[PDB]
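Participant: Structure in structure tokens, see below.
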Amino acid sequence: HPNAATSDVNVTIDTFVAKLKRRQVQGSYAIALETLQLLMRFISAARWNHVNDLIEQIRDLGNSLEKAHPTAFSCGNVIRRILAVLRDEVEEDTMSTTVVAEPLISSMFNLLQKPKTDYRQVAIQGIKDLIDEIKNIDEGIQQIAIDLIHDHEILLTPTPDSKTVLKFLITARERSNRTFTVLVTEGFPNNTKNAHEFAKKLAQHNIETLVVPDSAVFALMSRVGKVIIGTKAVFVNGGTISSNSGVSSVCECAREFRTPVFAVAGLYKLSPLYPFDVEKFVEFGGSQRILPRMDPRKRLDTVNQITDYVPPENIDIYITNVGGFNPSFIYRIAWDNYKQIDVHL
Amino acid sequence: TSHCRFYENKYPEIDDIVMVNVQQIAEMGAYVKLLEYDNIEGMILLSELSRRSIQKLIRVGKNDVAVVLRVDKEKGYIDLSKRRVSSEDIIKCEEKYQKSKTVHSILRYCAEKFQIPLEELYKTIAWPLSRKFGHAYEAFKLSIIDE
Amino acid sequence: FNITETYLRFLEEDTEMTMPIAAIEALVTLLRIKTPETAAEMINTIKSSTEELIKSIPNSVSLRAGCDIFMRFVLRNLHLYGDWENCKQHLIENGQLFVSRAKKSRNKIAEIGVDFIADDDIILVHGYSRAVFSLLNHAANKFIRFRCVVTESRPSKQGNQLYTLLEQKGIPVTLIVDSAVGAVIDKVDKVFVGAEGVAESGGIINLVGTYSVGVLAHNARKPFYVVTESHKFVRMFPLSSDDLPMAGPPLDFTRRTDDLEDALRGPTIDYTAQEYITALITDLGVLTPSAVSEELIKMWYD
Amino acid sequence: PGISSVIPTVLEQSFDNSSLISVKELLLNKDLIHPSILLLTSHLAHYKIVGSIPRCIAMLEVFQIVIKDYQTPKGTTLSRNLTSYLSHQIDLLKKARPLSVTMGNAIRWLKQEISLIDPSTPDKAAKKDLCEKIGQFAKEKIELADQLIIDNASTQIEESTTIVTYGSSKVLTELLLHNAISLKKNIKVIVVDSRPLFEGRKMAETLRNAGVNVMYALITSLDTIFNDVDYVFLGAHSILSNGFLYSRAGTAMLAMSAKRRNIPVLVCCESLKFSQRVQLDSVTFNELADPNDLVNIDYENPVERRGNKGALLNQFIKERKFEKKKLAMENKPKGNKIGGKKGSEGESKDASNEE
């Protein structure tokens with residue numbers, strides 16, 4: 001389905017498309033908020049009267065949105081989240097229009113046994129609940145996370161870019177009973193500016209700050225207590241795409257030294273998609289920021305990448321608003337929020 | 001020796017109510033024995049014995065309440081159902097089981113004293129008491145007041 | 001009427017219609033003749049026929065797993081307290097519909113599991129399964145570049161059989177021995193393995209050298225794959241590295257011989273632990289570790 | 001009200017996460033507490049037999065006694081001062097010994113039962129049905145469930161096998177006793193022990209009383225006994241959300257060796273034993289005890305010697321600190337036998353959502 005029907009009534013589709021492609025929109029948290037407001041505008045304005053035609057139209061809109069921007073997983077997840085909230089209430093509604101439906105638990109096995117209302121209002125409130133969930137994640141993290149780190153323990157941190165992780169770290173430092181030393185890898189080609197702001201906010205709160213070059217990670221790994229990841233997107237197998245530069249090597253460095261790896265994330269950040277190849281999912285950077293002068297750049301073919309991937313073999317915990325989960329279990333948390341059909345849009 | 005059926009015929013029918021003492025669990029349901037209709041096995045399936053997690057429920061414990069669905073009157077195969085029995089009928093199922101248990105206790109002193117088979121004594125009693133009078137418990141209550 | 005004889009009739013047949021799905025189809029045919037209405041007369045005779053099937057088994061696991069799923073579906077039929085006739089008709093029909101589901105699942109997987117094989121990747125394949133080879137063929141249909149390395153598996157010379165079936169497609173190959181398989185893990189991008197069974201724990205039930213592949217790949221940090229159709233799940237938990245259901249030898253040491261007759265005896269089926277598997281692929285979505293157990297808990301309701 | 005603060009030994013520079021104190025000899029208390037609680041707290045303070053499993057069974061029986069002794073006041077209803085009295089019990093239990101996970105699930109079950117029954121039914125009719133329900137609850141979740149673990153393990157263990165164990169777990173004692181008597185196999189059982197408590201010693205004693213081929217060993221000597229060993233059974237205390245094995249002292253050491261030396265670790269567990277609290281190292285929340293148990297010089301628990309060690313407070317830094325409850329690493333165990341039959345520790349929380 002094209003945007004020919006939604007042009008005069010809905011204009012904000014194309015402005016979000018413009019915000020993605022030229023990267024005017026920044027940070028998964030913000031991308032999610034916009035798509036929420038998009039779906040808010042879609043239900044409030046449209047006229048449908050039919051339900052199945054409506055849902056499949058939403059599926060096509062989400063399909064086009066993910067094709068417009070591949071790194072906007074938070075875009076794709078939010079739509080998929082509302083899709084499933086819709087689908088449950090429709091399946092509840094069809095049971096009343098026809099007239100045991102309660103075997104034991106909420107399982108799977110969709111290959112075995114076969115099969116006017118206020119539905120739109122529920123769809124409205126379903127968006128509102130998603131916003132409030134994205135608004136408050138930190139409260140759900142701090143009750144699980146600030147139980148695992150001890151006094152006189154040194155914390156090494158790749159990806160200082162995450163707003164989520166920094167605020168988790170500040171709530172722990174607020175506790176006068178807890179003392180920890182912070183090592184921060186720079187992440188030269190991208191994270192530098194963000195890493196420097198990270199080091200500034202730690203000094204602002206008076207926490208023992210240590211700025212580390214990306215070479216020196218090995219030269220400290222014997223002294224490191226724990227490793228924390230500021231992830232962007234979490235996957236089925238467990239693995240993460242993080243907010244740029246110098247993570248993968250640090251995780252490899254941690255595993256060889258058998259140093260524990262922590263990850264702080266949200267369920268909206270969590271994705272039901274599978275990373276079959278890193279080659280497709282990871283976004284590459286601009287080599288302009290590395291080396292000046294273009295006549296030597298004929299011979300200097302420089303390689304730089306923004307997003308960094310970690311395989312599930314390294315990290316052990318994904319502390320969310322719900323709780324702490326192991327990478328060998330995180331798939332269930334995903335299927336508790338997104339349906340099997342709501343993947344290939 | 002503890003044998004012989006409570007009623008006249010060996011195999012039950014459709015809609016008749018019985019009480020089972022559990023002797024089996026899991027997989028199919030339970031290959032067991034009855035306390036209302038003979039001591040031979042009569043099987044049920046898990047679904048019937050659930051209605052409504054389950055790993056704490058029956059596990060070959062005491063006695064339940066079941067109704068016979070399918071009877072094979074050739075070699076010996078019985079099917080039952082727990083859910084189907086209504087709440088008003090459950091009390092009547094318990095009273096019939098209590099009546100059957102009292103009849104079985106009565107026809108056990110006879111086999112112990114004179115050293116004669118229990119099945120012959122059960123046959124000679126169940127003709128005026130069980131068939132003509134109504135039941136053997138009320139006939140015994142009539143015999144003690146005035147023979 | 002027999003069930004073992006019906007399974008023996010599939011000699012020149014096989015392929016697409018899998019070995020377990022042919023045993024399930026044989027279970028439905030035996031069920032539909034002698035009245036499925038009676039639950040006392042029939043289920044006990046079904047259990048005796050499965051017991052006779054297990055006693056006739058020399059080296060197979062999946063037939064025991066396929067019976068379980070059938071049983072489960074039969075019991076679930078009359079879970080709604082429906083008409084004892086409409087539920088029976090739906091049970092008999094779900095036999096041909098079960099075999100038809102093997103087609104639909106293969107249609108699903110061969111479009112999902114082609115994504116894992118990226119642009120120009122050298123593959124080392126071990127343990128032939130119908131699902132993994134269907135990925136390999138329908139990726140060639142997708143016109144994607146991939147190199148293939150043949151492992152010399154020794155059950156009944158399977159490596160040579162695998163090599164010939166790869167020749168009939170148009171993909172360049174060469175023979176690699178399972179002894180030298182350690183010397184290959186540097187020029188190989190990814191290692192793919194097809195399973196004979198997947199454990200309750202998350203481990204694998206497989207052939208004459210698969211654990212060895214799993215460990216070496218864990219050392220070399222190169223990915224290790226499991227691709228199958230979703231029916232090979234037993235409530236089995238091999239506690240140790242060398243404990244499995246067998247009709248033959250669990251490592252025999254023979255006396256002094258001169259004519260040379262008693263020799264071969266080694267573990268033909270081997271287990272590997274949950275940690276060694278990087279990824280698992282079935283028609284039930286894209287899922288690997290605890291997913292198998294969740295499935296089993298969902299089935300058994302225990 | 002009770003005695004609080006003022007503790008023996010140093011506060012310690014390293015490891016100060018939990019309380020190290022408490023009442024052993026009865027002095028200054030409230031005169032309303034039921035004596036069966038006072039008995040159990042005096043028991044658990046210096047207990048030699050219990051280890052996770054039996055503690056809850058005793059706690060349930062004590063509660064059953066209290067309800068049987070409970071007579072409802074004419075003014076105040078049933079759910080008025082009961083829950084405060086129970087909170088006084090738990091606080092006294094906490095002062096004596098930090099509670100297990102299974103204890104918490106019992107308290108949660110009891111507090112659910114208080115809310116379920118409304119003050120409208122007669123008093124003697126209420127408590128008669130209550131204790132019957134608790135008895136059935138203890139029958140299902142413990143005794144029957146234990147029997148289910150027994151038979152699940154029975155299929156798993158091969159004929160004529162060597163087993164190395166640790167601790168004083170009720171489930172495993174009965175397991176091995178079942179193997180020796182009912183199944184009649186050639187089971188060589190080796191038991192290991194630590195310093196603070198001779199738990200394995202007691203287990204070996206009970207196995208000897210059955211008439212079992214028993215070797216008895218220590219943590220110091222393992223690279224000699226292993227070089228023989230097949231299956232290793234560990235006494236579970238709690239398996240967390242991740243699938244980490246929170247258990248007694250010399251557990252993880254054994255777990256490591258077994259993983260290294262081919263033939264792995266198996267763990268028997270209860271469906272009541274699982275929690276939702278998660279951790280990754282032994283430092284997180286440890287069950288610390290007073291160095292008074294480590295004063296004795298070898299052999300037995302009461303010996304009373306004029307030895308080498310004696311001072312802790314006056315000595316310039318001499319932290320003789322021992323721990324009781326440790327954490328085995330996730331990957332190392334392989335089997336868990338529970339109410340819901342089987343499942344690897346990688347799966348872990350497929351019981352918590354199943355309830």
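Quick note on naming: the chains in the structure tokens go A, B, ... in the order shown, residues restart at 1 in each chain, and ligands are numbered from 1 in order of appearance.
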Taking only C-alpha atoms into account, report as JSON, numbers by chain which residues of chain A lie within 7 Å of chain C.
Facilitator: {"A": [100, 107, 108, 112, 237, 274, 276, 277, 328, 329]}
Participant: Take the residues from that selection and write them out as a short mmCIF file (atom, residue, chain, number, x, y, z; two decimals), in the first residue's frame, keeping N, CA and C atoms.
Facilitator:
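And here is the file that came out, out08.cif:
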```cif
data_model
loop_
_atom_site.label_atom_id
_atom_site.label_comp_id
_atom_site.auth_asym_id
_atom_site.auth_seq_id
_atom_site.Cartn_x
_atom_site.Cartn_y
_atom_site.Cartn_z
N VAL A 100 -12.80 -25.79 26.32
CA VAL A 100 -12.25 -24.78 27.20
C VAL A 100 -11.31 -23.83 26.46
N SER A 107 1.23 -20.60 26.27
CA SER A 107 2.29 -21.32 25.61
C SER A 107 2.53 -20.82 24.19
N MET A 108 2.88 -21.74 23.31
CA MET A 108 2.99 -21.49 21.87
C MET A 108 2.21 -22.56 21.12
N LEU A 112 -0.79 -26.87 16.31
CA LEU A 112 -1.57 -27.96 16.87
C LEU A 112 -3.06 -27.72 16.73
N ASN A 237 18.70 -14.08 19.89
CA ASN A 237 19.79 -14.93 20.36
C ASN A 237 20.48 -14.41 21.63
N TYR A 274 15.83 -11.39 14.14
CA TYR A 274 17.04 -12.17 14.31
C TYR A 274 18.22 -11.65 13.48
N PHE A 276 20.91 -12.66 11.61
CA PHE A 276 21.58 -13.75 10.89
C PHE A 276 22.94 -13.37 10.37
N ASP A 277 23.09 -12.09 10.01
CA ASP A 277 24.39 -11.51 9.65
C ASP A 277 24.57 -10.09 10.15
N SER A 328 20.06 -16.60 27.27
CA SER A 328 19.43 -17.85 26.87
C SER A 328 17.93 -17.91 27.23
N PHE A 329 17.39 -16.80 27.70
CA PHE A 329 15.98 -16.71 28.09
C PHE A 329 15.24 -15.51 27.47
#
```
Participant: Contacts of residue D:110 at 9 Å or less, counting only C-alpha atoms, minus same-chain residues fewer than 5 places along, as a VMD selection string?
Facilitator: chain D and resid 105 115 134
Participant: Please provide the set of residues having any atom within 10 Å of stretch 240-247 of chain A, restricted to only C-alpha atoms, with same-chain residues fewer than 6 positions apart removed, written as an MDAnalysis selection string.
Facilitator: chainID A and resid 27:28 71 157:162 185:192 214:215 217 228:234 253 263 265 270:271 275 278 281:285 304:312 315
Participant: Once you have the residues from the selection above, write them out as a PDB file, in the first residue's frame, restricted to C-alpha atoms.
Facilitator:
```pdb
ATOM      1  CA  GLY A  27      18.546   8.162  19.415  1.00  0.00           C
ATOM      2  CA  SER A  28      16.199   5.123  19.450  1.00  0.00           C
ATOM      3  CA  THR A  71      18.683   1.025  11.838  1.00  0.00           C
ATOM      4  CA  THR A 157      32.449   1.060  30.235  1.00  0.00           C
ATOM      5  CA  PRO A 158      32.252   0.978  26.433  1.00  0.00           C
ATOM      6  CA  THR A 159      29.456   3.045  24.807  1.00  0.00           C
ATOM      7  CA  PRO A 160      29.028   6.143  27.029  1.00  0.00           C
ATOM      8  CA  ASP A 161      26.362   7.286  24.540  1.00  0.00           C
ATOM      9  CA  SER A 162      23.367   5.727  26.360  1.00  0.00           C
ATOM     10  CA  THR A 185      36.979   3.725  26.716  1.00  0.00           C
ATOM     11  CA  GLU A 186      37.077   6.700  24.364  1.00  0.00           C
ATOM     12  CA  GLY A 187      35.679   5.241  21.123  1.00  0.00           C
ATOM     13  CA  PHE A 188      37.702   7.573  18.904  1.00  0.00           C
ATOM     14  CA  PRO A 189      35.964   8.001  15.530  1.00  0.00           C
ATOM     15  CA  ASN A 190      32.449   8.619  16.912  1.00  0.00           C
ATOM     16  CA  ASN A 191      31.986   8.384  20.700  1.00  0.00           C
ATOM     17  CA  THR A 192      34.764  10.854  21.619  1.00  0.00           C
ATOM     18  CA  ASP A 214      41.018   2.239  23.043  1.00  0.00           C
ATOM     19  CA  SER A 215      44.470   0.668  23.004  1.00  0.00           C
ATOM     20  CA  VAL A 217      41.822  -1.820  27.407  1.00  0.00           C
ATOM     21  CA  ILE A 228      28.726  -2.542  31.383  1.00  0.00           C
ATOM     22  CA  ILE A 229      27.207  -2.064  27.888  1.00  0.00           C
ATOM     23  CA  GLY A 230      25.127   0.914  26.727  1.00  0.00           C
ATOM     24  CA  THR A 231      23.197  -1.006  24.068  1.00  0.00           C
ATOM     25  CA  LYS A 232      20.877   0.398  21.399  1.00  0.00           C
ATOM     26  CA  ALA A 233      19.113  -2.801  20.307  1.00  0.00           C
ATOM     27  CA  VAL A 234      18.858  -6.311  21.815  1.00  0.00           C
ATOM     28  CA  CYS A 253      38.956  -8.729  26.253  1.00  0.00           C
ATOM     29  CA  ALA A 263      23.793  -4.845  29.786  1.00  0.00           C
ATOM     30  CA  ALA A 265      18.205  -1.993  28.082  1.00  0.00           C
ATOM     31  CA  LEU A 270      14.419  -5.246  22.568  1.00  0.00           C
ATOM     32  CA  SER A 271      13.747  -6.647  19.155  1.00  0.00           C
ATOM     33  CA  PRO A 275      20.606 -11.036  13.370  1.00  0.00           C
ATOM     34  CA  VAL A 278      26.177  -8.538  11.198  1.00  0.00           C
ATOM     35  CA  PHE A 281      22.626  -4.877  10.312  1.00  0.00           C
ATOM     36  CA  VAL A 282      25.656  -2.777  11.247  1.00  0.00           C
ATOM     37  CA  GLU A 283      25.828   0.786   9.859  1.00  0.00           C
ATOM     38  CA  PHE A 284      29.197   2.169   8.672  1.00  0.00           C
ATOM     39  CA  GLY A 285      30.666   5.593   9.445  1.00  0.00           C
ATOM     40  CA  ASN A 304      35.231   3.037   9.845  1.00  0.00           C
ATOM     41  CA  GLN A 305      31.971   1.770  11.294  1.00  0.00           C
ATOM     42  CA  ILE A 306      29.479   3.371  13.709  1.00  0.00           C
ATOM     43  CA  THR A 307      27.360   0.562  15.231  1.00  0.00           C
ATOM     44  CA  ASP A 308      29.133  -2.287  16.941  1.00  0.00           C
ATOM     45  CA  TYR A 309      27.818  -5.821  17.470  1.00  0.00           C
ATOM     46  CA  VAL A 310      28.390  -8.170  20.415  1.00  0.00           C
ATOM     47  CA  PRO A 311      27.690 -11.919  20.161  1.00  0.00           C
ATOM     48  CA  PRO A 312      25.677 -13.502  23.063  1.00  0.00           C
ATOM     49  CA  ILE A 315      27.188 -10.803  28.131  1.00  0.00           C
TER      50      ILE A 315
END
```
Participant: Excluding stretch 59-74 of chain B and its own-chain neighbours fewer than 6 positions away, which residues fall within 10 Å of it when counting only C-alpha atoms? Please give them as JSON, numbers by chain.
Facilitator: {"B": [10, 11, 12, 13, 14, 15, 16, 17, 18, 19, 20, 21, 22, 23, 24, 25, 26, 30, 32, 34, 35, 42, 43, 44, 48, 49, 80, 81, 82, 83, 84, 85, 86, 89, 90, 91, 93, 94, 97], "C": [37, 38, 39, 40, 41], "D": [140, 144]}
Participant: With N, CA and C atoms kept, could you save the residues just selected as a CSV table (one decimal), in the first residue's frame?
Facilitator:
```
chain,number,residue,atom,x,y,z
B,10,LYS,N,-21.2,-58.1,35.5
B,10,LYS,CA,-19.8,-57.8,35.6
B,10,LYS,C,-19.4,-56.4,35.1
B,11,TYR,N,-19.9,-56.0,34.0
B,11,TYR,CA,-19.5,-54.8,33.3
B,11,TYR,C,-20.6,-53.7,33.4
B,12,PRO,N,-20.2,-52.4,33.6
B,12,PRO,CA,-21.2,-51.3,33.8
B,12,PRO,C,-21.9,-50.9,32.5
B,13,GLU,N,-22.6,-49.8,32.5
B,13,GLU,CA,-23.3,-49.3,31.3
B,13,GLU,C,-23.0,-47.8,31.0
B,14,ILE,N,-23.9,-47.1,30.3
B,14,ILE,CA,-23.7,-45.7,30.0
B,14,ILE,C,-24.5,-44.9,31.0
B,15,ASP,N,-24.0,-43.8,31.5
B,15,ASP,CA,-24.6,-42.8,32.5
B,15,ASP,C,-24.5,-43.3,34.0
B,16,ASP,N,-24.2,-44.5,34.3
B,16,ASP,CA,-24.1,-45.0,35.6
B,16,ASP,C,-22.9,-44.5,36.4
B,17,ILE,N,-23.0,-44.2,37.6
B,17,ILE,CA,-22.0,-43.5,38.4
B,17,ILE,C,-21.2,-44.4,39.4
B,18,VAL,N,-19.9,-44.2,39.4
B,18,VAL,CA,-18.9,-45.0,40.1
B,18,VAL,C,-17.9,-44.2,40.9
B,19,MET,N,-17.2,-44.9,41.8
B,19,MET,CA,-16.1,-44.3,42.6
B,19,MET,C,-14.8,-45.2,42.4
B,20,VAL,N,-13.7,-44.5,42.1
B,20,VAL,CA,-12.5,-45.2,41.8
B,20,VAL,C,-11.4,-44.8,42.8
B,21,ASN,N,-10.6,-45.9,43.1
B,21,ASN,CA,-9.4,-45.7,43.9
B,21,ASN,C,-8.2,-45.7,42.9
B,22,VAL,N,-7.5,-44.6,42.9
B,22,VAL,CA,-6.4,-44.4,41.9
B,22,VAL,C,-5.2,-45.3,42.2
B,23,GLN,N,-4.8,-45.9,41.1
B,23,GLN,CA,-3.6,-46.7,41.1
B,23,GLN,C,-2.6,-46.4,40.0
B,24,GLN,N,-2.9,-45.5,39.2
B,24,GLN,CA,-2.0,-45.1,38.0
B,24,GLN,C,-1.9,-43.6,37.8
B,25,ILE,N,-1.0,-43.1,37.0
B,25,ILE,CA,-0.9,-41.7,36.7
B,25,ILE,C,-0.1,-41.3,35.4
B,26,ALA,N,-0.3,-40.1,34.8
B,26,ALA,CA,0.4,-39.6,33.7
B,26,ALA,C,0.2,-40.4,32.3
B,30,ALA,N,-5.0,-43.1,33.8
B,30,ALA,CA,-4.8,-44.0,34.9
B,30,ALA,C,-5.5,-45.4,34.8
B,32,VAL,N,-6.5,-48.4,36.6
B,32,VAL,CA,-6.8,-48.4,38.0
B,32,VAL,C,-7.5,-49.6,38.6
B,34,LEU,N,-11.8,-50.1,40.7
B,34,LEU,CA,-13.0,-49.4,41.2
B,34,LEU,C,-13.3,-49.9,42.7
B,35,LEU,N,-14.1,-49.1,43.3
B,35,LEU,CA,-14.7,-49.4,44.6
B,35,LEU,C,-16.3,-49.4,44.6
B,42,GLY,N,-10.3,-50.0,35.0
B,42,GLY,CA,-11.2,-49.1,34.1
B,42,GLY,C,-10.5,-47.8,33.9
B,43,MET,N,-10.1,-47.6,32.7
B,43,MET,CA,-9.2,-46.4,32.4
B,43,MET,C,-10.0,-45.1,32.0
B,44,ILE,N,-9.4,-44.0,32.4
B,44,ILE,CA,-9.8,-42.6,32.1
B,44,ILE,C,-8.6,-41.9,31.5
B,48,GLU,N,-10.3,-35.6,30.9
B,48,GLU,CA,-11.5,-35.8,31.7
B,48,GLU,C,-11.3,-35.5,33.2
B,49,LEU,N,-10.0,-35.9,33.6
B,49,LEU,CA,-9.7,-35.7,35.0
B,49,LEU,C,-8.9,-34.3,35.3
B,80,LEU,N,-14.1,-43.9,31.5
B,80,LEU,CA,-14.8,-43.1,32.6
B,80,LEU,C,-14.7,-41.5,32.3
B,81,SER,N,-15.3,-40.7,33.1
B,81,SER,CA,-15.3,-39.2,33.0
B,81,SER,C,-15.6,-38.6,34.3
B,82,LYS,N,-14.7,-37.7,34.7
B,82,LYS,CA,-14.8,-37.0,36.0
B,82,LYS,C,-15.6,-35.7,36.0
B,83,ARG,N,-15.4,-34.8,35.0
B,83,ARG,CA,-16.0,-33.5,34.8
B,83,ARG,C,-17.5,-33.6,34.7
B,84,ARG,N,-18.0,-34.6,33.9
B,84,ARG,CA,-19.4,-34.7,33.5
B,84,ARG,C,-20.4,-34.8,34.7
B,85,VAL,N,-19.9,-35.3,35.8
B,85,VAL,CA,-20.8,-35.4,37.1
B,85,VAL,C,-21.1,-34.1,37.7
B,86,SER,N,-22.4,-33.7,37.8
B,86,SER,CA,-22.8,-32.5,38.4
B,86,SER,C,-22.7,-32.4,39.9
B,89,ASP,N,-25.2,-34.2,42.0
B,89,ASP,CA,-25.1,-35.7,41.8
B,89,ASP,C,-23.9,-36.2,42.6
B,90,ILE,N,-22.8,-35.4,42.8
B,90,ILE,CA,-21.6,-35.8,43.5
B,90,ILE,C,-21.9,-36.3,44.9
B,91,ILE,N,-22.8,-35.7,45.6
B,91,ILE,CA,-23.3,-36.1,47.0
B,91,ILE,C,-24.0,-37.5,46.9
B,93,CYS,N,-23.4,-39.7,44.5
B,93,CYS,CA,-22.3,-40.7,44.2
B,93,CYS,C,-21.5,-41.1,45.4
B,94,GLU,N,-21.3,-40.2,46.3
B,94,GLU,CA,-20.6,-40.5,47.6
B,94,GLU,C,-21.4,-41.4,48.5
B,97,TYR,N,-21.4,-44.9,47.1
B,97,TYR,CA,-20.1,-45.5,47.4
B,97,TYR,C,-20.0,-45.9,48.9
C,37,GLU,N,-13.3,-44.3,18.6
C,37,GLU,CA,-14.3,-43.9,19.6
C,37,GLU,C,-13.9,-44.4,21.0
C,38,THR,N,-13.6,-45.7,21.1
C,38,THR,CA,-13.2,-46.3,22.4
C,38,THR,C,-11.8,-45.9,22.8
C,39,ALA,N,-11.7,-45.4,24.0
C,39,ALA,CA,-10.4,-44.9,24.5
C,39,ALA,C,-9.7,-46.0,25.3
C,40,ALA,N,-10.4,-47.1,25.7
C,40,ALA,CA,-9.9,-48.2,26.4
C,40,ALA,C,-9.4,-49.3,25.5
C,41,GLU,N,-10.2,-49.6,24.5
C,41,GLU,CA,-9.8,-50.7,23.5
C,41,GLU,C,-8.7,-50.3,22.5
D,140,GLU,N,1.9,-32.7,48.9
D,140,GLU,CA,2.1,-32.5,47.5
D,140,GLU,C,3.4,-32.0,47.2
D,144,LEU,N,5.4,-36.0,48.2
D,144,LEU,CA,5.1,-36.6,46.9
D,144,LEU,C,6.0,-36.2,45.8
```
Participant: I need the contact residues of chain B against chain A, so if you could list those with any atom within 9 Å, counting only C-alpha atoms, and return them as a list in words, that would help.
Facilitator: residues 51, 52 and 53 of chain B
Participant: Would you mind exporting the chosen residues as a PDB file, in the first residue's frame, restricted to N, CA, C and O atoms?
Facilitator:
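Wrote it out as out-v5.pdb, contents follow:
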```pdb
ATOM      1  N   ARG B  51     -10.817 -30.834  33.947  1.00  0.00           N
ATOM      2  CA  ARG B  51     -11.858 -29.808  33.824  1.00  0.00           C
ATOM      3  C   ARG B  51     -11.299 -28.401  34.064  1.00  0.00           C
ATOM      4  O   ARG B  51     -10.858 -27.752  33.120  1.00  0.00           O
ATOM      5  N   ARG B  52     -11.327 -27.968  35.324  1.00  0.00           N
ATOM      6  CA  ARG B  52     -10.867 -26.624  35.679  1.00  0.00           C
ATOM      7  C   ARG B  52     -11.377 -25.501  34.743  1.00  0.00           C
ATOM      8  O   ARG B  52     -11.661 -24.369  35.129  1.00  0.00           O
ATOM      9  N   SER B  53      -0.315 -27.003  38.974  1.00  0.00           N
ATOM     10  CA  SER B  53      -1.572 -27.020  38.248  1.00  0.00           C
ATOM     11  C   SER B  53      -2.185 -28.410  38.365  1.00  0.00           C
ATOM     12  O   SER B  53      -3.347 -28.545  38.762  1.00  0.00           O
TER      13      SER B  53
END
```
Participant: For the contact check between chain B and chain D, emit one row per residue of chain B within 8 Å, containing the shortest atom pair and the distance in Å rounded to one decimal, counting only C-alpha atoms, chain then rising number order, as a Markdown table.
Facilitator:
```
| residue | atom | partner | partner_atom | distance |
| --- | --- | --- | --- | --- |
| B:53 | CA | D:355 | CA | 7.8 |
| B:55 | CA | D:339 | CA | 6.8 |
| B:56 | CA | D:140 | CA | 5.0 |
| B:57 | CA | D:140 | CA | 7.6 |
```
Participant: Those selected residues, please, written with N, CA, C and O atoms and delivered as a PDB file, in the first residue's frame.
Facilitator:
```pdb
ATOM      1  N   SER B  53      -0.315 -27.003  38.974  1.00  0.00           N
ATOM      2  CA  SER B  53      -1.572 -27.020  38.248  1.00  0.00           C
ATOM      3  C   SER B  53      -2.185 -28.410  38.365  1.00  0.00           C
ATOM      4  O   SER B  53      -3.347 -28.545  38.762  1.00  0.00           O
ATOM      5  N   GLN B  55       0.418 -31.292  38.868  1.00  0.00           N
ATOM      6  CA  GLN B  55       1.517 -32.064  39.439  1.00  0.00           C
ATOM      7  C   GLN B  55       1.389 -32.227  40.954  1.00  0.00           C
ATOM      8  O   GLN B  55       2.266 -32.791  41.578  1.00  0.00           O
ATOM      9  N   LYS B  56       0.306 -31.714  41.529  1.00  0.00           N
ATOM     10  CA  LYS B  56       0.063 -31.796  42.961  1.00  0.00           C
ATOM     11  C   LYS B  56      -1.315 -32.400  43.240  1.00  0.00           C
ATOM     12  O   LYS B  56      -1.623 -32.735  44.394  1.00  0.00           O
ATOM     13  N   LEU B  57      -2.134 -32.528  42.182  1.00  0.00           N
ATOM     14  CA  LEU B  57      -3.546 -32.971  42.330  1.00  0.00           C
ATOM     15  C   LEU B  57      -3.783 -34.424  42.769  1.00  0.00           C
ATOM     16  O   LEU B  57      -3.738 -34.726  43.957  1.00  0.00           O
TER      17      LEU B  57
END
```
Participant: Distance limit 12 Å, atoms considered: only C-alpha atoms. Which chain A residues sit that close to chain D? Return them as a ChimeraX atom specification.
Facilitator: /A:104-107,143-153,177-178,225-226,258-262,313,316-319,322-333,336
Participant: For chain C against chain D, which residues fall within 10 Å using only C-alpha atoms, given as a ChimeraX atom specification?
Facilitator: /C:199-203,235-243,273-275,289-294,296-297,300-302
Participant: Residue D:179: which residues within 8 Å, counting only C-alpha atoms, same-chain residues fewer than 6 positions away excluded, as an mmCIF file with C-alpha atoms, in the first residue's frame?
Facilitator:
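Saved as selection35.cif:
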```cif
data_model
loop_
_atom_site.group_PDB
_atom_site.id
_atom_site.type_symbol
_atom_site.label_atom_id
_atom_site.label_comp_id
_atom_site.auth_asym_id
_atom_site.auth_seq_id
_atom_site.Cartn_x
_atom_site.Cartn_y
_atom_site.Cartn_z
ATOM 1 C CA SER D 154 16.417 -43.674 39.287
ATOM 2 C CA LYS D 185 23.108 -51.839 42.827
ATOM 3 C CA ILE D 187 26.874 -47.887 44.480
#
```
